[PDB]
Amino acid sequence: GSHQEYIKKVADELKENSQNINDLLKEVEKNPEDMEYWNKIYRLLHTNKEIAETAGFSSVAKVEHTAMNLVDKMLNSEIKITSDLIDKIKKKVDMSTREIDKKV
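Reading guide: rules and limits
Residues numbered from 1 in each chain as written, not as in the entry; some residues may be left out. Heavy atoms only, no water. Helix = DSSP H or I, 4+ residues; strand = E, 2+ residues; numbered from the N terminus. Buried < 20%, exposed > 50% of the residue type's maximum accessible area, 1.4 Å probe, protein only. Contact = heavy atoms within 4.5 Å. Areas by Shrake-Rupley, 256 points an atom, 1.4 Å probe, with all protein chains shown as cover. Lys, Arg positive; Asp, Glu negative; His and termini not counted. Charge placed at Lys NZ, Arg CZ, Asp CG, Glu CD. Expected span 1.5 Å × (residues − 1). Salt bridge = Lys/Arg side-chain N within 4 Å of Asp/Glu carboxyl O.

For this coordinate set, the PDB header names solution NMR as the determination method.

The PDB entry annotates the protein as Cold unfolding four helix bundle originating from synthetic construct. For this structure, the PDB header gives the title as "NMR structure of a designed cold unfolding four helix bundle".

Caption draft 1: Layout of the overall build of the protein. Summing up its helical and strand segments, the protein has four helices and zero strands in all. Listing every helix and strand of the protein by position from the N terminus yields α-α-α-α. C-alpha extents for the protein along the principal axes are approximately 45 × 20 × 20 Å. The 104 residues of the protein split such that 37% are buried. Sequence separation of 24 or more characterises 68% of the internal contacts of the protein that already satisfy a separation of 6 or more. Put simply, the protein shows about 6,300 Å² of open surface, and 45% of that area lies on carbon and sulfur atoms. If the 18 positive side-chain charges of the protein are averaged to one point and the 20 negative ones to another, these points end up 4 Å apart.

Caption draft 2: Spatial organisation of helix α3 (residues 60–75). Spanning 16 residues, α3 covers 22 Å between terminal C-alpha atoms, matching the ideal 22 Å at 1.5 Å per step. Burial in α3 covers these residues: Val60, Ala61, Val63, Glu64, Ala67, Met68, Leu70, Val71 and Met74. One or two residues past the end of α3 sits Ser77, with phi positive at roughly 70°.

Caption draft 3: Seen up close, unusual backbone geometry. Positioned with a positive phi, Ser77 is a non-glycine residue whose angle comes to about 70°. Its location among the elements puts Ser77 in the loop between α3 and α4 (83–103). Looking at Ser77, the relative accessible area reads 55%, which means it is exposed. Unusually for a residue other than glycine, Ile81 sits at a positive phi of about 60°. With respect to the helices, strands and loops of the structure, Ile81 is situated in the loop between α3 and α4.

Caption draft 4: Focus on the pattern of salt bridges. As enumerated under the stated definition, the model contains nine salt bridges in all. A salt bridge links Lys49 to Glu50, with the shortest nitrogen-to-oxygen separation between them at 2.8 Å. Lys49 gets classed as buried once you look at its relative accessible area, which sits at 14%. Residue class for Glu50 comes out partly exposed when judged on its relative accessible area of 40%. Ionic pairing is found between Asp87 and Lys91, a salt bridge with its closest N-O pair at 2.9 Å. Separated by four residues within a single helix, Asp87 and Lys91 lie in helix α4, roughly one turn from each other. Classification of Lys91 as partly exposed rests on a relative accessible area of 46%.

Put into structure tokens, the structure is as follows:
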């Protein structure tokens, strides 16, 4: 039925969690080695990736998958959480909302 309307409602819900991630990135620059922030961001990237994939958004889910992979390795303690790690994620989270405001 109403594709543009469906996607527009889905869109706002995704941008809500993406903005939560942005806040948590500002928190995690103070506490990089802390897993609590990354644990939240990972689940927000996961939820929104599943919904965006099901709804068929521009590239939201693809850009959140690579963001997730960075957060994934940091949770696994594969790296020490670099400012370079956080730096990549910011541009992914930025781009995810750009792919949202495009499919609407």
